[PDB]
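Visitor: Below: one structure in C-alpha cells.
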Amino acid sequence: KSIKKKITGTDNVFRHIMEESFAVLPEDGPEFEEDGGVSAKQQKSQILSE
Amino acid sequence: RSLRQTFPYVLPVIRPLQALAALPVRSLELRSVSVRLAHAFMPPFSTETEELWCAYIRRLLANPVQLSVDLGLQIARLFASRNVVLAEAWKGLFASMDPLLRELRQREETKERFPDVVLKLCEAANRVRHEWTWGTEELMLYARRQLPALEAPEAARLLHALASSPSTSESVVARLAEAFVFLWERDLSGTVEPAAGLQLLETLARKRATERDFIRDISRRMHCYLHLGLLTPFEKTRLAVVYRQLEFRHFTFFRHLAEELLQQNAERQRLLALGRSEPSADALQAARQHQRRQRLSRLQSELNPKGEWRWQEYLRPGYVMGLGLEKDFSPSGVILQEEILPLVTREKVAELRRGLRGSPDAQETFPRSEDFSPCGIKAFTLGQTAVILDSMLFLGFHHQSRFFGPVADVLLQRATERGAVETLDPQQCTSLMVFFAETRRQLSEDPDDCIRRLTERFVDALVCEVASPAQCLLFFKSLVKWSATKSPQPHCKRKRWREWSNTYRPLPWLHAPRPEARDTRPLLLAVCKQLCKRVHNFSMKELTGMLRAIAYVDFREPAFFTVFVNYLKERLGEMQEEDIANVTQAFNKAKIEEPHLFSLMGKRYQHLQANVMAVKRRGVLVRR
Amino acid sequence: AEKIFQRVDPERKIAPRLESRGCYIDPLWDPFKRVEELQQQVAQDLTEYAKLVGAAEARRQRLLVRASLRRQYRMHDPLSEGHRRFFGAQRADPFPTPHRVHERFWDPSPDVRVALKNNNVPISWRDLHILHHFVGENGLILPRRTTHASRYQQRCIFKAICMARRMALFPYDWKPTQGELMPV
Amino acid sequence: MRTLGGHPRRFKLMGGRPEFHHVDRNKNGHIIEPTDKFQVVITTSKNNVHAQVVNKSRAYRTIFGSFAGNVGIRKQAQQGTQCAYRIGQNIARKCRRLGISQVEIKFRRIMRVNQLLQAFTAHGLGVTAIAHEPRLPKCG
Amino acid sequence: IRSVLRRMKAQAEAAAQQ
RNA sequence: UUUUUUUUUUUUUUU
RNA sequence: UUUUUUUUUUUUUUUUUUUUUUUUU
C-alpha cells in the first residue's frame, strides 16, 4: 500500500531472529545440504556400495 | 596561432621556429617530437583554453590525411589523458585510419590486429563517453566467433570493454556471459585475487544478469581476504560500490565497515589528550599532491633548458573516480583494526558445514603482481567515508537504528571542519550531499555552511566539463529535498481542518554575483548556460530532472524554458512515463502556460497507462 | 494412463519420483545402473582435450554437447506435454462428458480433496485458508454440485464463511487477498 | 422548420462565449492536465439514456454530460435505436476537443449499452477496461 | 553422443598420420 | 427541459 | 476529519473549498 495509513507502529521480529542466526550459520555459507529432505534421505538408505 | 602573448608554451605551431621544415607541396621523421613533447606541456582542455585543439586549427595530419601507422596509439592516448570534448577530433582520426586498419587482413586470410588496434583504441574512446558505432559492431562480432578460443585472462578483459558500452544491446551481452562462466567455473574458484576478482563483477553490475549462483562464490573468496587482513583500502571501498548496483544486502559485511569508522575516530581522539597527534588521512592524501606538482615542474625545465593546471591529477591514467589512486594505498585491516566480526569461510570448511550439524584445498594469495608497500597512506580518507555510506542508504540500512547512528555522527564531525571540502574528487562530492538530505531530522547541528562550500565547487567542475550527466544529476535532485519541510497549514474553508503542504527554505547565496572570483557570473546562471550548450549529450531521463530543479529556486525566466519547446516536440515518442511527470511541474511553477505542448503530452501519458487496471479501494489489480 | 494413475494416490500429483524407486525396484535389478557406466565413458572418451588438436578446439566442442542435452531434456517424460511438442502431434478429442451427473459418481480434484478432510477436523470460522476455495468471483456461495462435498459438511462450511464475514474477517463481493490467507 | 441538434433553452442564452467557459478550473488555471484518468458512467432506462464523464484525478469530479434532449431528439423518437447512437457520437466528438484519448466505460445495465459502444470506436475513442457493478438487492 | 565422438576421433588420426 | 404512453396529457424545475 | 490517482535514488511527487447548467473541429 502506497498510502501512509497502514500499520506503522510496530516492531519487526523476523529480522531479529535472522540477525541472531548468523552466529551459527554465516551468510556466505551453504544454502542447502547434500542429505536433503525425507525424499533424498530415503535414496541414500537404498543405494548399495560397490 | 598568431596570438602567443598568453600561452608561452613549447611547440607554438608545430616546430619551435619552423612549420614542417617548409616541406614542398615523408612527414614522420622530421615531426616525431610533436606528440612526444605534447604529453606534459599542455594544460587540461576547458572553456578558458579554447586554443587547445587536437588538430591545431586543421594544421596537423591534414589535403588527404595519411601517414598514421606509427603514431596511432600515442595520439589516441593523449586525448584520453585530458578529457577532450571537441567533436572535430574523433571524426578525423577514425577516417585517417580507414586505409591503414582495413588493409591489415593480410595475415588473417607487425603488432596484432584486434588486441593492439581495436581493443586499445576502444578503451581510450570509452573513457571520454564518446559515441563509436563502428567499433562496437567490429568488436562484438569478433567476440561472437572465437569466444571459446580465448583464455581466461583474455576473456576477462574482453568482456569488460563490452559491458562498458551502452550502445550495445543488453540481451545479447548477457547471453555471452553464460558461456564464459560455464567454461570457467572451477579454475576461477580458488586461483583468484582481489585485484582481478573485482573486474569480473563489474561486467555483471553495469549490465542486467541473473547469475546469482556465480556471484556468491566470488564474494565468498573476497571476504576471506578481509578477515586475513590483506585487502587494501582502495579495494575495500571498491567492493561496496558494486554491491549497490547488485542490491546485495549483506549484513555481516556492512556491519564490519560501520564499526571500522568508529575505531578510526575513537583512536585519533584518544591520542589528542596526551600531546601526540598523528596526522589525519585527509592531510596525507593532499601531502603527496604537492610532490607530484613539484616533480612535473622540474621535468619541464630539464627537458627545455633555456590557474589552468588546477585539475591535473583526476585526469591522470589509472585514477578511479570515487575511490582515489591505485598506487596511493597499502594493505591494512585486521592487522591494525578489529579482528572479530566477519565470519571467514573457505572451500574446505564450507563442505564440512554442509553435512550434519550438532588449507590444501583453498589457498589465498594476494601478492602476485607487485609489492604493495609504498609507506604511503593508511586507513580511509575523508572522502572515502561518504562513498561507502551512500550504498547503505540506497539499500535501506539507515532504518535499523543499530549501527548507522554512531556512524553518521562521525562523518558530520569531519564534514564541518575548516578546510575539509577542498581536497576530494567531484564524484565524492555528490554522495556527501545525499547523506545530509537523506537524514534531515537526525543531525546534531544544521550544516548550512557545508552546503554553500560544496555547491560552489560543483558549478566550477561542471563548467570545465569534467563530470558525467548522471553524476551531475544527484546533486541537483537532492538539493531541493534538503530545502523542503512538510507542514500542515489550515485549510481555506474550515480552519479546524488540516492539509499537508510543502515549504521550501529560501536561498540567499545562489543569485548574487562573485566579483572577487574571475567568473563574475552567479552559480545559478552558470549551470543553465552549460546545460543549454550541451543539451544533446543529456538523455531524456537526465533532462527532465535538471529542468524540474531549476524552477524550484524561483527562476522566473520564461525565455530559458522557451528554447526546449522545439527540442521536446521532435522527441516526444522517446519520452518515458516518469519524464511526463517531471516536466509539467516545471512550467506550472514558473507560470509558463503552453497549450501546444501540454495538449500533445496528454495523449502520450494516457497511451502508456493503457495496460494498467486499477479499481477503487483495492489498488492495481491487473498490470500488463 | 493419466486418469487411472490418480486412484492409487488421490492426495498427490503424478510425477517422476526417481528418488523413491527402491520401494518398487530391487537395488540389484535397478535399470539405472547402466547410466553410471555410460556417464563415465563419455568423460573418458574426451581424449582430444590435448592429444591431437589441443585445447583450442576442445572447448568449442564442449558447448555443442551442452546444447544437445538441454534441447532433448523433455524426452524423459512421455506423459508430460514436452513429448507432444517435440514430435508435433495434434491435441486429443475426448468424448463430451455430461456436466449433470448422479451423486454416486464424483471425481474431485486432488488439490481440493485434501483440504476437505482437514486432518479429520471439522472446518470452522478459524480456518480462513480453506474457505477461500469455496467462493466464486462475485463472493456467492457455490452449490453442492461444484465444490463436490458431502451433505453434512456442506451446511457446516456455509456457517463458517457466514460468521467470518460478520467479524470483518472476509470480503463481501470479491475473493480474499494474499494477506488474509492465515488461520486464527 | 429550422431544426437544430441541440438544446433550445441553452441556445437562447448564447452570447458569443467560447466553449468550456462556465466549467470551473484548478488553481494553476489549466482546465485539464496531461496526467489524468476518466471513467464515463452510463445509465440506461426505458425512454431516455444519460452518460456523464467523471474524472478520477479530481476526486471523482464531473466535467460534462449529454442526454436525449441535447441532440434534437424528442417525443417517441427517443425510444428508437438512433437516440442511443446519436448520444454516443456527441460524446466521442466532444472528447477530441478537450484532449482526451483513453476513457474507461462503466455501466449498470446491459439493455441500451450496444449503440454507445459501437459509436465510440468509429471516431477514435478507445476502450481500456469494462466495469460492471450491478447493485442487486440482497434482501426480499 | 559416444558414437559420433569415437568416429570423429579416428578421422583426425588418419589425416595426421599421413 | 425532465418523467410517462401504442400516442398524448396532467404534474415538476426557472439563469 | 476523510483521503482520490501514480512512480521507484528511497517514507517520493501533483491536485485540494460539490459537480453538471450548448451542436459541427
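Following the order of the C-alpha cells, first chain is A, next is B, and so on, with residues numbered from 1 inside each chain and ligands from 1 in the order they appear.
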Can you check which residues of chain D have any atom within 12 Å of chain F? Use only C-alpha atoms (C1' of nucleotides) and format it as a PyMOL selection string.
Guide: chain D and resi 6-10+12-14+45-50+67-70+72+74-77+79
Visitor: For the residues in that selection, give me N, CA, C and O atoms as a compact mmCIF listing (two decimals), in the first residue's frame.
Guide:
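Done, and the output landed in again_11.txt:
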```txt
# COMPACT_ATOMS: atom_id res chain seq x y z
N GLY D 6 -29.59 20.48 -30.81
CA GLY D 6 -29.06 20.99 -29.57
C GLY D 6 -30.16 21.26 -28.57
O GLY D 6 -31.27 20.75 -28.69
N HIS D 7 -29.83 22.09 -27.58
CA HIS D 7 -30.78 22.45 -26.54
C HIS D 7 -31.31 23.85 -26.81
O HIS D 7 -30.55 24.83 -26.67
N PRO D 8 -32.58 24.02 -27.20
CA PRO D 8 -33.09 25.38 -27.46
C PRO D 8 -32.98 26.30 -26.26
O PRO D 8 -32.73 27.50 -26.43
N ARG D 9 -33.17 25.78 -25.04
CA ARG D 9 -33.11 26.63 -23.86
C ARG D 9 -31.72 27.25 -23.70
O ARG D 9 -31.59 28.44 -23.42
N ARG D 10 -30.68 26.44 -23.87
CA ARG D 10 -29.32 26.96 -23.75
C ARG D 10 -28.95 27.86 -24.92
O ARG D 10 -28.20 28.82 -24.75
N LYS D 12 -30.74 30.01 -26.40
CA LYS D 12 -31.26 31.36 -26.20
C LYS D 12 -30.33 32.19 -25.32
O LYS D 12 -30.31 33.42 -25.42
N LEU D 13 -29.56 31.55 -24.44
CA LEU D 13 -28.65 32.24 -23.54
C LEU D 13 -27.28 32.49 -24.16
O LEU D 13 -26.41 33.06 -23.50
N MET D 14 -27.07 32.09 -25.42
CA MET D 14 -25.77 32.28 -26.05
C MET D 14 -25.45 33.77 -26.17
O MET D 14 -26.31 34.60 -26.45
N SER D 45 -32.24 3.43 -19.34
CA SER D 45 -33.62 3.45 -18.88
C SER D 45 -34.51 3.03 -20.04
O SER D 45 -34.01 2.57 -21.08
N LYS D 46 -35.82 3.19 -19.88
CA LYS D 46 -36.77 2.79 -20.91
C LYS D 46 -36.88 3.81 -22.03
O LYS D 46 -36.86 3.45 -23.21
N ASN D 47 -37.01 5.10 -21.69
CA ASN D 47 -37.20 6.14 -22.69
C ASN D 47 -35.90 6.88 -22.98
O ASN D 47 -35.46 6.93 -24.13
N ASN D 48 -35.29 7.45 -21.94
CA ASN D 48 -34.09 8.26 -22.10
C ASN D 48 -32.86 7.50 -21.63
O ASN D 48 -32.94 6.43 -21.02
N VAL D 49 -31.69 8.07 -21.92
CA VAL D 49 -30.41 7.50 -21.51
C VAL D 49 -29.45 8.64 -21.22
O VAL D 49 -29.39 9.62 -21.97
N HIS D 50 -28.70 8.52 -20.13
CA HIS D 50 -27.76 9.54 -19.70
C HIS D 50 -26.35 8.95 -19.62
O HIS D 50 -26.16 7.77 -19.33
N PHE D 67 -27.67 14.19 -23.00
CA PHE D 67 -28.92 13.46 -22.86
C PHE D 67 -29.64 13.48 -24.20
O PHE D 67 -29.19 14.10 -25.16
N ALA D 68 -30.78 12.78 -24.25
CA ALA D 68 -31.54 12.71 -25.49
C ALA D 68 -32.01 14.09 -25.94
O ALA D 68 -32.17 14.33 -27.14
N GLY D 69 -32.24 15.01 -25.00
CA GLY D 69 -32.68 16.34 -25.34
C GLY D 69 -31.59 17.28 -25.81
O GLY D 69 -31.90 18.40 -26.22
N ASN D 70 -30.34 16.84 -25.78
CA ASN D 70 -29.21 17.65 -26.21
C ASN D 70 -28.79 17.36 -27.65
O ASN D 70 -27.80 17.91 -28.12
N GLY D 72 -31.45 17.02 -30.24
CA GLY D 72 -32.57 17.29 -31.11
C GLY D 72 -33.55 16.15 -31.27
O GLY D 72 -34.28 16.12 -32.27
N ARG D 74 -36.77 14.23 -29.54
CA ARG D 74 -37.83 14.40 -28.55
C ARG D 74 -38.99 13.49 -28.91
O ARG D 74 -38.95 12.77 -29.92
N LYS D 75 -40.02 13.51 -28.08
CA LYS D 75 -41.23 12.70 -28.30
C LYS D 75 -40.82 11.23 -28.30
O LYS D 75 -39.82 10.85 -27.66
N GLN D 76 -41.57 10.38 -29.00
CA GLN D 76 -41.29 8.95 -29.02
C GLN D 76 -40.00 8.62 -29.76
O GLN D 76 -39.53 7.48 -29.67
N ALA D 77 -39.41 9.57 -30.48
CA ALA D 77 -38.18 9.30 -31.21
C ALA D 77 -37.04 8.89 -30.29
O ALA D 77 -36.09 8.24 -30.74
N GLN D 79 -37.17 6.69 -27.91
CA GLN D 79 -37.20 5.24 -27.73
C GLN D 79 -36.51 4.50 -28.86
O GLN D 79 -36.12 3.34 -28.68
```
Visitor: Taking only C-alpha atoms into account, which residues of chain B are within 8 Å of chain A, as a PyMOL selection string?
Guide: chain B and resi 216+219-220+250+252+343+345+350+353-355
Visitor: I need the contact residues of chain A against chain C, so if you could list those with any atom within 9 Å, counting only C-alpha atoms, and return them as a ChimeraX atom specification, that would help.
Guide: /A:39-43,46-48
Visitor: Write the residues of the preceding selection, restricted to N, CA, C and O atoms, as an mmCIF file, in the first residue's frame.
Guide:
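Written output follows (result_8.cif):
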```cif
data_model
loop_
_atom_site.group_PDB
_atom_site.id
_atom_site.type_symbol
_atom_site.label_atom_id
_atom_site.label_comp_id
_atom_site.auth_asym_id
_atom_site.auth_seq_id
_atom_site.Cartn_x
_atom_site.Cartn_y
_atom_site.Cartn_z
ATOM 1 N N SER A 39 12.695 -37.077 1.128
ATOM 2 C CA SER A 39 12.762 -37.728 -0.176
ATOM 3 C C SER A 39 14.190 -38.128 -0.524
ATOM 4 O O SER A 39 14.426 -39.238 -1.016
ATOM 5 N N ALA A 40 15.166 -37.304 -0.304
ATOM 6 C CA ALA A 40 16.542 -37.521 -0.555
ATOM 7 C C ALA A 40 17.167 -38.527 0.377
ATOM 8 O O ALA A 40 17.972 -39.373 -0.029
ATOM 9 N N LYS A 41 16.814 -38.436 1.661
ATOM 10 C CA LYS A 41 17.397 -39.332 2.652
ATOM 11 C C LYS A 41 17.030 -40.785 2.380
ATOM 12 O O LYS A 41 17.833 -41.687 2.642
ATOM 13 N N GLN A 42 15.826 -41.031 1.860
ATOM 14 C CA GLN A 42 15.417 -42.399 1.561
ATOM 15 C C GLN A 42 16.306 -43.033 0.500
ATOM 16 O O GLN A 42 16.613 -44.228 0.583
ATOM 17 N N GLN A 43 16.741 -42.323 -0.494
ATOM 18 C CA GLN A 43 17.594 -42.762 -1.537
ATOM 19 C C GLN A 43 18.894 -43.313 -1.010
ATOM 20 O O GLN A 43 19.363 -44.388 -1.401
ATOM 21 N N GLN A 46 18.808 -46.807 0.373
ATOM 22 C CA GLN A 46 18.536 -47.900 -0.553
ATOM 23 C C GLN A 46 19.716 -48.219 -1.460
ATOM 24 O O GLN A 46 19.954 -49.391 -1.768
ATOM 25 N N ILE A 47 20.462 -47.203 -1.898
ATOM 26 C CA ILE A 47 21.596 -47.444 -2.782
ATOM 27 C C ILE A 47 22.660 -48.247 -2.048
ATOM 28 O O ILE A 47 22.907 -48.049 -0.850
ATOM 29 N N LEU A 48 23.297 -49.164 -2.769
ATOM 30 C CA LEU A 48 24.326 -50.033 -2.219
ATOM 31 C C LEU A 48 25.703 -49.588 -2.697
ATOM 32 O O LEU A 48 25.839 -48.841 -3.671
#
```
Visitor: Taking the chain letters and numbering used in this document, name the residues of region 267-454 of chain B that DSSP puts in strand (DSSP E), as a VMD selection string.
Guide: chain B and resid 319 to 320 324 to 325
Visitor: Env of residue 58 (chain D): 10 Å cut, atoms = only C-alpha atoms (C1' of nucleotides), seq-sep filter 6 positions within chain, self excluded. Answer as a PDB file with N, CA, C and O atoms (P, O5', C5', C4', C3', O3' and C1' of nucleotides), in the first residue's frame.
Guide:
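Okay, around-v6.pdb is ready:
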```pdb
ATOM      1  N   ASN D  26      -8.776  24.774 -12.137  1.00  0.00           N
ATOM      2  CA  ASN D  26      -7.956  24.454 -10.981  1.00  0.00           C
ATOM      3  C   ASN D  26      -7.162  25.686 -10.548  1.00  0.00           C
ATOM      4  O   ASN D  26      -7.287  26.774 -11.115  1.00  0.00           O
ATOM      5  N   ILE D  32      -7.545  21.093 -17.856  1.00  0.00           N
ATOM      6  CA  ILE D  32      -7.231  19.674 -17.725  1.00  0.00           C
ATOM      7  C   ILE D  32      -5.723  19.513 -17.839  1.00  0.00           C
ATOM      8  O   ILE D  32      -5.062  20.228 -18.597  1.00  0.00           O
ATOM      9  N   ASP D  36      -4.116  12.384 -16.014  1.00  0.00           N
ATOM     10  CA  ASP D  36      -5.477  12.276 -15.515  1.00  0.00           C
ATOM     11  C   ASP D  36      -6.079  10.951 -15.960  1.00  0.00           C
ATOM     12  O   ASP D  36      -5.568  10.271 -16.846  1.00  0.00           O
ATOM     13  N   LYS D  37      -7.170  10.561 -15.317  1.00  0.00           N
ATOM     14  CA  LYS D  37      -7.904   9.347 -15.640  1.00  0.00           C
ATOM     15  C   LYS D  37      -9.384   9.658 -15.646  1.00  0.00           C
ATOM     16  O   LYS D  37      -9.871  10.306 -14.728  1.00  0.00           O
ATOM     17  N   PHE D  38     -10.104   9.136 -16.624  1.00  0.00           N
ATOM     18  CA  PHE D  38     -11.539   9.348 -16.769  1.00  0.00           C
ATOM     19  C   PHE D  38     -12.280   8.024 -16.761  1.00  0.00           C
ATOM     20  O   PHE D  38     -11.738   6.992 -17.144  1.00  0.00           O
TER      21      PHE D  38
ATOM     22  P     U G   4      -8.222   6.595  -0.588  1.00  0.00           P
ATOM     23  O5'   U G   4      -8.449   7.481  -1.893  1.00  0.00           O
ATOM     24  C5'   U G   4      -9.691   7.514  -2.547  1.00  0.00           C
ATOM     25  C4'   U G   4      -9.646   8.315  -3.830  1.00  0.00           C
ATOM     26  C3'   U G   4      -8.569   7.876  -4.807  1.00  0.00           C
ATOM     27  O3'   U G   4      -8.873   6.730  -5.576  1.00  0.00           O
ATOM     28  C1'   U G   4      -8.583  10.214  -4.559  1.00  0.00           C
ATOM     29  P     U G   5      -7.738   5.632  -5.865  1.00  0.00           P
ATOM     30  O5'   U G   5      -6.903   6.292  -7.043  1.00  0.00           O
ATOM     31  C5'   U G   5      -7.433   6.504  -8.325  1.00  0.00           C
ATOM     32  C4'   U G   5      -6.480   7.274  -9.217  1.00  0.00           C
ATOM     33  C3'   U G   5      -5.129   6.618  -9.417  1.00  0.00           C
ATOM     34  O3'   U G   5      -5.097   5.616 -10.415  1.00  0.00           O
ATOM     35  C1'   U G   5      -4.909   8.904  -8.866  1.00  0.00           C
ATOM     36  P     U G  15       0.161  21.306  -7.171  1.00  0.00           P
ATOM     37  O5'   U G  15      -1.318  20.721  -7.247  1.00  0.00           O
ATOM     38  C5'   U G  15      -2.084  20.733  -8.399  1.00  0.00           C
ATOM     39  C4'   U G  15      -3.346  20.031  -8.270  1.00  0.00           C
ATOM     40  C3'   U G  15      -4.312  20.488  -7.234  1.00  0.00           C
ATOM     41  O3'   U G  15      -5.061  21.623  -7.561  1.00  0.00           O
ATOM     42  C1'   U G  15      -4.107  18.171  -7.160  1.00  0.00           C
ATOM     43  P     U G  16      -5.519  22.703  -6.479  1.00  0.00           P
ATOM     44  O5'   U G  16      -6.492  21.896  -5.508  1.00  0.00           O
ATOM     45  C5'   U G  16      -7.727  21.417  -5.957  1.00  0.00           C
ATOM     46  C4'   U G  16      -8.447  20.619  -4.887  1.00  0.00           C
ATOM     47  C3'   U G  16      -9.073  21.502  -3.814  1.00  0.00           C
ATOM     48  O3'   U G  16     -10.266  20.908  -3.333  1.00  0.00           O
ATOM     49  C1'   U G  16      -7.404  20.127  -2.890  1.00  0.00           C
TER      50        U G  16
END
```
Visitor: Sorted by chain and rising residue number, list the residues of chain G at most 12 Å from chain A (counting only C-alpha atoms (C1' of nucleotides)), each with its closest atom pair and distance in Å to one decimal, as JSON lines.
Guide:
```
{"residue": "G:2", "atom": "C1'", "partner": "A:5", "partner_atom": "CA", "distance": 11.9}
{"residue": "G:3", "atom": "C1'", "partner": "A:3", "partner_atom": "CA", "distance": 9.0}
{"residue": "G:4", "atom": "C1'", "partner": "A:3", "partner_atom": "CA", "distance": 10.8}
{"residue": "G:5", "atom": "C1'", "partner": "A:2", "partner_atom": "CA", "distance": 11.4}
{"residue": "G:6", "atom": "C1'", "partner": "A:2", "partner_atom": "CA", "distance": 9.6}
{"residue": "G:7", "atom": "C1'", "partner": "A:2", "partner_atom": "CA", "distance": 10.3}
{"residue": "G:8", "atom": "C1'", "partner": "A:2", "partner_atom": "CA", "distance": 11.5}
{"residue": "G:11", "atom": "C1'", "partner": "A:4", "partner_atom": "CA", "distance": 8.4}
{"residue": "G:12", "atom": "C1'", "partner": "A:2", "partner_atom": "CA", "distance": 10.1}
```
Visitor: Could you take the residues named above and write them with N, CA, C and O atoms (P, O5', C5', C4', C3', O3' and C1' of nucleotides), as a PDB file, in the first residue's frame?
Guide:
```
ATOM      1  P     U G   2      -9.275  10.758   9.866  1.00  0.00           P
ATOM      2  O5'   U G   2      -9.999  10.643   8.440  1.00  0.00           O
ATOM      3  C5'   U G   2     -11.220   9.942   8.291  1.00  0.00           C
ATOM      4  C4'   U G   2     -11.779  10.118   6.881  1.00  0.00           C
ATOM      5  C3'   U G   2     -10.839   9.694   5.762  1.00  0.00           C
ATOM      6  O3'   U G   2     -10.831   8.307   5.490  1.00  0.00           O
ATOM      7  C1'   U G   2     -11.800  11.804   5.288  1.00  0.00           C
ATOM      8  P     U G   3      -9.593   7.402   5.955  1.00  0.00           P
ATOM      9  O5'   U G   3      -8.411   7.933   5.028  1.00  0.00           O
ATOM     10  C5'   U G   3      -8.255   7.539   3.695  1.00  0.00           C
ATOM     11  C4'   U G   3      -8.788   8.576   2.734  1.00  0.00           C
ATOM     12  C3'   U G   3      -8.317   8.421   1.298  1.00  0.00           C
ATOM     13  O3'   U G   3      -8.983   7.421   0.554  1.00  0.00           O
ATOM     14  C1'   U G   3      -8.142  10.650   1.995  1.00  0.00           C
ATOM     15  P     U G   4      -8.222   6.595  -0.588  1.00  0.00           P
ATOM     16  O5'   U G   4      -8.449   7.481  -1.893  1.00  0.00           O
ATOM     17  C5'   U G   4      -9.691   7.514  -2.547  1.00  0.00           C
ATOM     18  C4'   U G   4      -9.646   8.315  -3.830  1.00  0.00           C
ATOM     19  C3'   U G   4      -8.569   7.876  -4.807  1.00  0.00           C
ATOM     20  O3'   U G   4      -8.873   6.730  -5.576  1.00  0.00           O
ATOM     21  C1'   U G   4      -8.583  10.214  -4.559  1.00  0.00           C
ATOM     22  P     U G   5      -7.738   5.632  -5.865  1.00  0.00           P
ATOM     23  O5'   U G   5      -6.903   6.292  -7.043  1.00  0.00           O
ATOM     24  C5'   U G   5      -7.433   6.504  -8.325  1.00  0.00           C
ATOM     25  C4'   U G   5      -6.480   7.274  -9.217  1.00  0.00           C
ATOM     26  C3'   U G   5      -5.129   6.618  -9.417  1.00  0.00           C
ATOM     27  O3'   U G   5      -5.097   5.616 -10.415  1.00  0.00           O
ATOM     28  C1'   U G   5      -4.909   8.904  -8.866  1.00  0.00           C
ATOM     29  P     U G   6      -3.909   4.545 -10.430  1.00  0.00           P
ATOM     30  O5'   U G   6      -2.637   5.404 -10.873  1.00  0.00           O
ATOM     31  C5'   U G   6      -1.360   4.809 -10.947  1.00  0.00           C
ATOM     32  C4'   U G   6      -0.263   5.841 -11.116  1.00  0.00           C
ATOM     33  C3'   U G   6       1.145   5.326 -10.864  1.00  0.00           C
ATOM     34  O3'   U G   6       1.707   4.644 -11.972  1.00  0.00           O
ATOM     35  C1'   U G   6       0.774   7.388  -9.761  1.00  0.00           C
ATOM     36  P     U G   7       2.532   3.280 -11.789  1.00  0.00           P
ATOM     37  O5'   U G   7       4.038   3.767 -11.582  1.00  0.00           O
ATOM     38  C5'   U G   7       4.679   4.630 -12.485  1.00  0.00           C
ATOM     39  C4'   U G   7       5.796   5.416 -11.826  1.00  0.00           C
ATOM     40  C3'   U G   7       6.929   4.562 -11.290  1.00  0.00           C
ATOM     41  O3'   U G   7       7.879   4.205 -12.273  1.00  0.00           O
ATOM     42  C1'   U G   7       6.190   6.119  -9.668  1.00  0.00           C
ATOM     43  P     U G   8       8.710   2.841 -12.150  1.00  0.00           P
ATOM     44  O5'   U G   8       9.892   3.156 -11.117  1.00  0.00           O
ATOM     45  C5'   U G   8      10.687   4.311 -11.232  1.00  0.00           C
ATOM     46  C4'   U G   8      11.267   4.745  -9.889  1.00  0.00           C
ATOM     47  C3'   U G   8      12.410   3.867  -9.403  1.00  0.00           C
ATOM     48  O3'   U G   8      13.353   4.636  -8.681  1.00  0.00           O
ATOM     49  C1'   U G   8      10.583   3.749  -7.921  1.00  0.00           C
ATOM     50  P     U G  11       9.569   5.340  -0.757  1.00  0.00           P
ATOM     51  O5'   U G  11       9.241   6.258   0.512  1.00  0.00           O
ATOM     52  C5'   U G  11       7.967   6.848   0.650  1.00  0.00           C
ATOM     53  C4'   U G  11       7.854   7.622   1.964  1.00  0.00           C
ATOM     54  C3'   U G  11       8.978   8.644   2.172  1.00  0.00           C
ATOM     55  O3'   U G  11       8.455   9.770   2.856  1.00  0.00           O
ATOM     56  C1'   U G  11       8.975   7.070   3.917  1.00  0.00           C
ATOM     57  P     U G  12       8.728  11.257   2.332  1.00  0.00           P
ATOM     58  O5'   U G  12       8.831  11.168   0.736  1.00  0.00           O
ATOM     59  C5'   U G  12      10.080  11.237   0.070  1.00  0.00           C
ATOM     60  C4'   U G  12       9.898  11.157  -1.443  1.00  0.00           C
ATOM     61  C3'   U G  12       8.896  12.161  -1.999  1.00  0.00           C
ATOM     62  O3'   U G  12       9.400  13.478  -2.091  1.00  0.00           O
ATOM     63  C1'   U G  12       8.634  10.046  -3.012  1.00  0.00           C
TER      64        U G  12
END
```
Visitor: Mind checking which residues fall within 8 Å of region 3-14 of chain E, counting only C-alpha atoms (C1' of nucleotides), ignoring those fewer than 2 positions away in the same chain, and posting them as a list in words?
Guide: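 That gives residues 45, 46, 48 and 52 of chain C; 1, 16, 17 and 18 of chain E.
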Visitor: Using only C-alpha atoms (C1' of nucleotides), which of D:1, D:42, D:95, D:139 sits nearest chain G?
Guide: D:95
Visitor: Quick check: residues of chain C within 10 Å of chain B, only C-alpha atoms, returned as a list in words.
Guide: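 Listed by rising number, the hits are residues 55, 56, 57, 58, 59, 60, 61, 62, 63 and 177 of chain C.
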Visitor: Give me every alpha helix (DSSP H) residue in chain D, going by DSSP on the backbone, as a VMD selection string.
Guide: chain D and resid 8 to 12 81 to 98 114 to 120
Visitor: What is the CA of residue 458 (chain B) to CA of residue 429 (chain B) distance in Å?
Guide: 7.8 Å
Visitor: Could you list, as an MDAnalysis selection string, every residue of chain B that has an atom within 8 Å of an atom of chain G, counting only C-alpha atoms (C1' of nucleotides)?
Guide: chainID B and resid 393:394 396 492:493 497 578 585
Visitor: Output N, CA and C atoms for every residue in that selection, as a tab-separated table (two decimals), in the first residue's frame.
Guide:
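What follows is the written file out-v9.tsv:
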```
chain	number	residue	atom	x	y	z
B	393	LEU	N	22.45	3.70	2.43
B	393	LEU	CA	21.27	4.48	2.28
B	393	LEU	C	20.35	3.91	1.23
B	394	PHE	N	20.85	3.59	0.08
B	394	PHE	CA	20.17	3.03	-1.02
B	394	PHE	C	19.49	1.74	-0.66
B	396	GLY	N	18.65	0.71	2.26
B	396	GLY	CA	17.80	0.93	3.33
B	396	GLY	C	18.25	0.51	4.67
B	492	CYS	N	-8.47	26.38	3.66
B	492	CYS	CA	-9.06	27.65	3.25
B	492	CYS	C	-10.49	27.81	3.77
B	493	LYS	N	-11.32	26.77	3.66
B	493	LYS	CA	-12.72	26.86	4.10
B	493	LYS	C	-12.85	26.74	5.60
B	497	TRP	N	-9.93	22.00	9.91
B	497	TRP	CA	-9.34	21.03	9.01
B	497	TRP	C	-7.89	21.36	8.70
B	578	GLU	N	7.85	8.49	-16.50
B	578	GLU	CA	8.44	9.34	-15.48
B	578	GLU	C	8.79	10.71	-16.03
B	585	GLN	N	5.44	19.96	-13.96
B	585	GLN	CA	5.68	20.65	-12.70
B	585	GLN	C	6.55	21.89	-12.89
```
Visitor: Residues near residue 504 (chain B), anyone? I mean within 7 Å using only C-alpha atoms (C1' of nucleotides), not counting same-chain ones fewer than 6 positions away, as a list in words.
Guide: residues 483, 484 and 485 of chain B
Visitor: For CA of residue 79 (chain B) and CA of residue 430 (chain B), determine how far apart the two atoms are, in Å to one decimal place.
Guide: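 Distance reported for this atom pair: 26.2 Å.
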